[PDB]
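Note sheet for the following structure.
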Amino acid sequence: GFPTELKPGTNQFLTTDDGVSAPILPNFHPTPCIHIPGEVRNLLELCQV
Amino acid sequence: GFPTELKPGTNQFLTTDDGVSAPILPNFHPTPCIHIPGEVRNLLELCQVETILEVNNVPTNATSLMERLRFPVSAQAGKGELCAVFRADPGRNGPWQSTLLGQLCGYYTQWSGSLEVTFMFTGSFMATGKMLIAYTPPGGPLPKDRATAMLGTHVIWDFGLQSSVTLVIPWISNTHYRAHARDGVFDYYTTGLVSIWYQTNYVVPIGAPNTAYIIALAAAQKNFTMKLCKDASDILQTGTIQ
Amino acid sequence: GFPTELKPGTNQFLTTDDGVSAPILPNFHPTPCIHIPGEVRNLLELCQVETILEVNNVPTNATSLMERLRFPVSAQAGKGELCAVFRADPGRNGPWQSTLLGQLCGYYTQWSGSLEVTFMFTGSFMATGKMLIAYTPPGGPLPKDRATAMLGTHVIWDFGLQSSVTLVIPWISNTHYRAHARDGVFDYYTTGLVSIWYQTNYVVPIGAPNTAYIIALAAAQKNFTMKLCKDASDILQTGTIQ
Amino acid sequence: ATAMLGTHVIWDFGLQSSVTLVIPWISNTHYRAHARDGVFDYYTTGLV
Amino acid sequence: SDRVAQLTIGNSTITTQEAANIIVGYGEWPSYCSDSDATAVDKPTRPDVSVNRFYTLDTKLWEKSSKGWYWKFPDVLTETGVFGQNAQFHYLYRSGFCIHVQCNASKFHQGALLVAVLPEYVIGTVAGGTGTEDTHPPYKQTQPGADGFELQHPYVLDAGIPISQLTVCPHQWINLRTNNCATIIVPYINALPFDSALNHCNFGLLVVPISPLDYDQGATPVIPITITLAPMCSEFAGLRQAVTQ
Amino acid sequence: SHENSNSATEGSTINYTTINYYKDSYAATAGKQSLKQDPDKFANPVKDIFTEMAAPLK
Amino acid sequence: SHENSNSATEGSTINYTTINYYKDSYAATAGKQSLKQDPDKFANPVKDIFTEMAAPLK
Amino acid sequence: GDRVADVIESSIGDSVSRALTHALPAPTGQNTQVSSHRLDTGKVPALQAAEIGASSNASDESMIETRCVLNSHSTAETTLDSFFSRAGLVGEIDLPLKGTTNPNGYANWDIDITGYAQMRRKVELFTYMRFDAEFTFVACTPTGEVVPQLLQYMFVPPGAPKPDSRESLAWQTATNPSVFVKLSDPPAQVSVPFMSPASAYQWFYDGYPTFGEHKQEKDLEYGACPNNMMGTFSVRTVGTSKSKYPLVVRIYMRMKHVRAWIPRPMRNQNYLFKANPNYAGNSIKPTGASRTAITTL
Amino acid sequence: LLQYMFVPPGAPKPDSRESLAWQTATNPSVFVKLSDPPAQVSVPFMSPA
Amino acid sequence: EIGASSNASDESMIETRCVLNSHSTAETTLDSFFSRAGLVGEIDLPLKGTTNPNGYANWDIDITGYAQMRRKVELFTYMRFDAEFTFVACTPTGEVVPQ
Ligand SMILES: CCO/N=C/c1ccc(OCCCCCN2CCN(c3ccncc3)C2=O)cc1
Ligand SMILES: CCO/N=C/c1ccc(OCCCCCN2CCN(c3ccncc3)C2=O)cc1
Ligand code: NA
Ligand code: NA
Ligand code: NA
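Written as structure tokens, this is what we have:
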């Protein structure tokens with residue numbers, strides 16, 4: 001196989017790590033998103049109320 | 001070697017993971033594929049094929065099982081009497097379990113689309129009659145009489161040369177998809193009820209049987225789709241299969 | 001390091017896996033390859049070379065082993081008598097085991113193609129005769145007489161200057177490939193039978209032997225191929241080889 | 147089952163009151179003389 | 010104009026004045042085996058008109074209590090006419106079929122037969138009732154010949170599968186008030202280009218009453234069901250002596 | 012790539028989009044299939060097709 | 012790549028398609044071979060070749 | 001050369017099977033069109049003739065007044081690969097210490113996936129299937145424990161010598177493919193090609209494998225087709241002495257690159273044996289739930 | 150060694166360590182050792198709404 | 051007698067049809083046949099034993115001690131090749147120990 005070497009951090013579970021994980025339902029498509037009023041994008045929007 | 005770092009999930013075996021695995025027979029070439037009739041590409045193709053709906057799902061002893069495939073109609077006393085009823089829920093215990101649609105439906109968590117039931121009259125050519133077949137959307141209880149049933153979606157069937165009629169159970173839902181309905185909070189996904197009434201009467205002349213049968217065939221419309229693959233509720237094995 | 005995640009198969013040693021392994025001698029250069037006659041590229045090249053078929057696979061004591069390589073013909077009483085028979089199945093126990101084709105065949109699970117058997121007459125120049133060699137495709141039992149054998153694929157051989165004749169056992173199968181046939185459900189892959197009969201008679205004048213021998217040579221046609229590499233049924237070792 | 151092996155028609159009663167059986171010319175000779183018992187049965191046409 | 014029909018093939022012609030169209034199984038017509046699908050090298054024999062014709066093999070009596078019957082193909086024909094001879098003399102065989110099931114009654118009779126074609130129709134046994142005995146169906150039940158065989162438990166098609174879903178297979182119904190026959194055309198169905206007509210039955214023909222026959226005392230009580238069928242595009246190869254099994 | 016075409020679906024009516032790291036293509040992933048359908052093959056295999064508006068038997 | 016040509020098949024009549032990660036090519040995979048064949052070398056090594064239709068000895 | 005007219009105008013030999021239908025792209029469910037009231041004579045969508053053998057062609061639009069609905073519900077999860085490419089249990093092998101079955105430290109498993117109902121019922125929806133597959137082997141002790149033990153798995157195709165002991169010469173595995181793995185390593189996993197001599201495997205074979213009389217004692221071979229028998233899967237603990245622990249190997253199969261032909265009714269009675277569709281005659285049950293009357297829920 | 154299985158509404162819930170439902174022919178399952186790093190997967194938006 | 055194999059073909063011995071043969075010849079190449087790992091040597095390092103009770107062992111590199119492999123290579127007289135050697139170690143019971 002291709003030569004690799006494991007580095008520290010290997011096997012750890014960091015709760016804020018933004019990685020990729022295998023999908024459990026292949027080819028699954030979610031229910032379309034209809035329009036819903038009041039969508040919020042940033043908590044800062046609420047801090048101004 | 002090249003610096004790498006193992007992440008969670010490492011070593012796990014996910015049954016639905018679509019990965020690559022080492023081939024056991026290098027340079028092996030399979031037998032060519034000749035032409036074979038009836039190839040299927042999508043289960044949805046099968047959901048559009050009508051199969052017999054066991055509206056008359058009451059007899060249970062072995063020698064009477066075939067009677068579930070058809071239900072009767074006969075001369076009445078013109079009071080717009082009730083002939084039969086059944087839930088329209090396709091993935092629910094009941095009549096739909098006899099259909100291929102109901103069974104394939106069991107391998108999916110959610111479904112969406114219109115359904116259709118075609119009724120074929122098998123009485124003699126000399127028998128006539130008009131039936132009212134109604135579909136009552138959610139919220140409406142079992143119609144007490146024909147006048148109540150008539151307020152919902154319905155078809156008035158006239159016996160004649162064309163032996164059959166089709167009742168379309170149009171997709172009328174609050175959600176885009178329904179999960180399988182059952183007693184309890186999941187009745188939220190119920191499709192509704194179907195009731196059959198005598199519009200006029202089964203009329204016949206001297207010499208023809210006073211009782212005849214109707215065979216119901218059901219399937220899905222072209223707007224029907226299913227999602228979220230799951231295991232069927234039945235597992236057809238008791239002990240080990242030898 | 002770079003984020004990676006180990007998948008099933010990790011650490012396994014698959015004997016047929018075609019991967020890369022660290023070299024033990026860096027910068028080592030092998031002895032150049034001079035020209036050597038007879039290089040082979042594909043086992044199929046060898047399957048087309050005729051080797052002796054032991055039709056007469058009956059004698060078993062050491063001093064009579066050489067007799068398996070040839071079978072006899074001799075003056076008869078003109079009743080179209082039977083000379084010899086054998087199964088055409090190349091990867092089956094029997095006569096074909098003596099051939100290189102049969103042996104190489106043992107390293108593959110499936111085969112496909114036509115076969116050929118060439119018979120060489122080794123009697124005296126003054127001996128003449130006509131033989132009927134027949135191939136009976138699957139389903140036909142061992143022909144009871146010459147008239148039955150004659151209904152299948154056959155060749156009528158005339159002894160003369162050309163010492164030999166070739167019987168082609170054309171590929172006539174229901175499946176594209178046959179697995180090795182043997183008694184039991186795998187007889188489904190049987191190739192058929194080959195029977196040799198006296199068409200006329202072995203005739204000779206005063207002074208020449210009344211018995212002569214035929215040597216059979218077999219190999220595969222050019223449409224022959226094999227697939228699904230497997231281990232041979234024999235392992236030529238009893239205890240440890242010292 | 148034996149009759150069915152020859153030329154035949156399967157007739158279904160209905161609106162069309164009739165059906166036609168064609169007795170196609172199937173002879174060894176170009177012409178047939180009148181058939182009768184004896185050597186002249188050589189010219190027989192067959193059975194229906 | 011859809012109720013009337015004529016089927017002519019070989020030296021045989023069928024007529025019907027109460028048809029319900031024609032079903033072409035899996036949407037495709039019978040055809041001969043192509044040079045790229047084929048594998049056997051001998052030139053086949055394609056007898057044409059002497060084997061591709063209508064054969065009327067059997068008649069069953071439909072009764073108020075009938076359970077249904079089945080026939081196996083090409084088994085039903087292996088001993089009939091020039092077709093049978095070819096099937097016996099050759100190892101390899103392939104063909105399509107035109108099946109025409111007939112049953113007429115009167116405008117005062119009633120009932121409905123489901124006529125379907127089920128490929129690779131493997132028969133099972135009741136396993137000694139308790140399911141502990143591993144019994145197997147006898148030769149006369151798996152390949153009943155021209156007489157066909159009566160179903161023991163039609164609801165599960167004597168094979169543990171629901172007849173309620175049999176309509177997923179090419180089929181037609183004979184609903185007495187509507188039509189008096191069913192016509193189904195079937196192409197060759199197998200995972201091999203050719204096969205043995207003796208050892209392997211490509212499909213079974215099922216004729217089962219779903220809505221029972223009925224009529225009033227006085228109407229003709231004998232209502233026959235006749236089976237007529239024609240091979241289409243028959244091909245044979247691997248010639249030798251005749252073999253019946 | 013430059014691999015053997017030994018996948019079970021080689022020469023199929025629908026095209027797949029898969030991933031692989033070996034010389035034999037049957038080692039590849041299942042991938043995404045093409046979404047074609049032919050319901051009529053099973054639901055409407057009649058010789059003479061009739062309309063929706065018409066009376067099926069005439 | 013820019014590796015040593017020390018494979019056992021360097022300079023062979025048939026070309027291979029292999030994979031490797033080291034500077035020595037003998038470390039490479041077996042790969043796919045070229046499908047050439049020469050049966051005659053063993054099955055028909057006669058000086059004066061005869062036809063199929065002809066009588067081999069005349 | 002030909003000359004008589006009937007030969008010239010012959011269709012004998014036509015190899016192109018004429019198809020009455022063709023596939024169309026359908027990535028989403030069909031949309032709904034606006035429809036209005038129709039009060040016509042002659043036009044009659046609701047009336048059908050099931051006898052013909054086709055399913056109803058009546059649509060929502062012609063049975064009720066409909067609105068327009070743009071349906072973008074996907075049809076991707078109902079493709080054959082979506083339905084079948086999910087690994088399920090198809091075999092189990094026991095390697096006990098002091099036991100009745102395999103007390104010799106090795107075992108031969110006949111490659112047949114019909115011993116488990118979930119998987120079997122799914123594949124039996126079709127008559128013919130052609131596919132490649134990914135097999136995964138999960139090993140552990142009967143309590144689910146992981147121990148430092150080395151195993152050897154070997155695929156023995158029909159005709160190759162089956163090992164008859166933990167020390168059989170056949171484990172030299174010079175040609176058969178073998179996998180050596182520890183119980184502590186992740187589950188072993190490999191890709192398997194489509195290996196039948198036929199163009200497809202078939203879950204049903206209505207016939208016999210050989211010619212001859214099909215008498216009582218041979219009826220066990222009715223329905224047996226060698227084109228479905230791919231061989232033996234053998235496993236052994238790698239050693240000359242008995243292993244210290246009892247092992248269990250679970251075999252999972254995940255089909256991929258699937259093609260299927262001829263759909264059939266789905267099994268509605270419990271399975272009893274691998275080799276056949278036998279059902280318990282005294283327990284024939286209805287396909288589904290039942291009720292007391294046709295006029296009540 | 151453990152087995153995790155996702156059982157969507159309508160699929161049979163295992164009623165024991167030996168339930169037939171663990172055959173998991175359609176439901177997604179994960180087989181992992183306690184000694185392996187934490188199992189991890191991606192889940193899509195699955196509501197009917 | 052000439053020493054060549056028969057040149058007679060199906061086409062000239064019987065009436066044949068046309069068959070488009072696309073059966074591959076790839077699995078019978080030398081690499082396909084030989085590039086499958088097989089047992090060629092075994093080394094014992096026992097504790098209290100007759101042979102190697104000293105914790106080390108010398109194996110003469112000769113693969114002819116095992117019949118399966120030997121018979122395959124002996125089909126040819128001369129062979130030139132590279133090779134991948136794999137070493138599987140464990141105790142006599144198949145156990146894995148921290149050694
Ligand atoms: C190092 C060894 O690794 N090899 C593992 C292996 C796994 C599977 C394998 O072949 C699996 C073929 C699965 C085919 C299952 N089929 C085909 C049809 N069939 C069947 C069974 C009963 N009746 C009819 C058909 C089946 O049971 C070969 C090797
Ligand atoms: C860190 C050490 O790793 N090195 C491992 C190693 C493995 C193999 C190796 O050389 C293997 C050469 C195999 C050649 C086998 N042959 C060549 C021909 N031959 C033979 C034997 C008996 N009679 C005639 C020829 C053989 O037995 C060298 C080092
Ligand atoms: Na993950
Ligand atoms: Na792998
Ligand atoms: Na390495």
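Those sequence lines, one after another, are chains A, B, C, D, E, F, G, H, I and J.
Mapping to the entry's author numbering: the first sequence position 11 is 11, numbers consecutive.
Mapping to the entry's author numbering: the second sequence position 72 is 72, numbers consecutive.
Mapping to the entry's author numbering: the third sequence position 10 is 10, numbers consecutive.
Mapping to the entry's author numbering: the fourth sequence position 25 is 171, numbers consecutive.
Mapping to the entry's author numbering: the fifth sequence position 181 is 190, numbers consecutive.
Mapping to the entry's author numbering: the sixth sequence position 45 is 56, numbers consecutive.
Mapping to the entry's author numbering: the seventh sequence position 5 is 16, numbers consecutive.
Mapping to the entry's author numbering: the eighth sequence position 99 is 99, numbers consecutive.
Mapping to the entry's author numbering: the ninth sequence position 25 is 174, numbers consecutive.
Mapping to the entry's author numbering: the tenth sequence position 21 is 71, numbers consecutive.
Where a beta carbon is used, it is the ideal one built from N, C-alpha and C, also for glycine.
Which of helix, strand or coil DSSP assigns to residue i
| i | result |
| --- | --- |
| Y148 of chain E | helix |
| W109 of chain H | strand |
| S18 of chain G | coil |
| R182 of chain C | coil |
| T75 of chain J | coil |
| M66 of chain C | helix |
| residue 79 of chain F | Outside the displayed range of chain F (12 to 69) lies residue 79 of chain F, so it cannot be described from this structure. |
| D51 of chain F | helix |
| residue 265 of chain B | Beyond the ends of chain B as shown, which are 1 and 242, falls residue 265 of chain B; an answer cannot be given. |
| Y102 of chain E | strand |
| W157 of chain B | strand |
Integer-rounded CB distance, given that residue j should sit under 8 Å from residue i
| i | j | result |
| --- | --- | --- |
| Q181 of chain E | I52 of chain H | 7 Å |
| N102 of chain J | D94 of chain J | 6 Å |
| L151 of chain I | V192 of chain I | About 19 Å separates the two Cβ atoms, so there is no contact after all. |
| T166 of chain B | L100 of chain B | Wrong, their Cβ atoms sit about 18 Å apart, outside the cutoff. |
| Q221 of chain B | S36 of chain H | Not confirmed; about 19 Å, so no contact. |
| residue 177 of chain J | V90 of chain J | Lying outside 51 to 149, the shown extent of chain J, residue 177 of chain J is not represented and no answer is given. |
| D143 of chain E | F273 of chain H | 6 Å |
C-beta atoms of residue i and residue j nearer than 8 Å
| i | j | result |
| --- | --- | --- |
| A216 of chain B | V117 of chain B | yes |
| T175 of chain C | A88 of chain C | no |
| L222 of chain E | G140 of chain E | no |
| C210 of chain E | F82 of chain E | yes |
Sequence-distant residues of its chain with Cβ nearer than 7 Å to residue i (five each side left out)
| i | result |
| --- | --- |
| residue 247 of chain C | Outside the modelled stretch of chain C, which goes from 1 to 242, sits residue 247 of chain C, for which no answer is possible. |
| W78 of chain E | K69, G157, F158, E159, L160, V216 |
| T16 of chain C | none |
Other residues of its chain near residue i: CB distance less than 6 Å, five sequence neighbours each side excluded
| i | result |
| --- | --- |
| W171 of chain B | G113, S114 |
Cutoff 8 Å; reference residue i; Cβ partners in own chain excluding five residues on either side
| i | result |
| --- | --- |
| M126 of chain C | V204, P205, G207, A208 |
Members of the region 22-47 of chain E near chain F, C-beta cut-off 7 Å: Listed in sequence order: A29, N30, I31, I32, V33, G34, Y35, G36.
Residues within the region 219-249 of chain E neighbouring chain B, beta-carbon criterion of under 8 Å: Answer set for the region 219-249 of chain E: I219, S220, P221, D223, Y224, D225, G227, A228.
Mind checking the region 176-189 of chain I against chain A and listing, in chain order, the residues whose C-beta falls within less than 7 Å of any C-beta there? Flagged, chain order: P177, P186, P187, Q189.
Can you tell me which residues fall inside 5 Å of ligand 6, judged by beta-carbon distance to its nearest heavy atom, and keep chain order? Among the ligands present in this structure, namely ligand 1, ligand 2, ligand 3, ligand 4 and ligand 5, ligand 6 is not found.
Return the residues of the region 247-260 of chain H that lie within a Cβ-Cβ distance of less than 8 Å from chain I, sorted by chain order. Answer in chain order: no residues at all.
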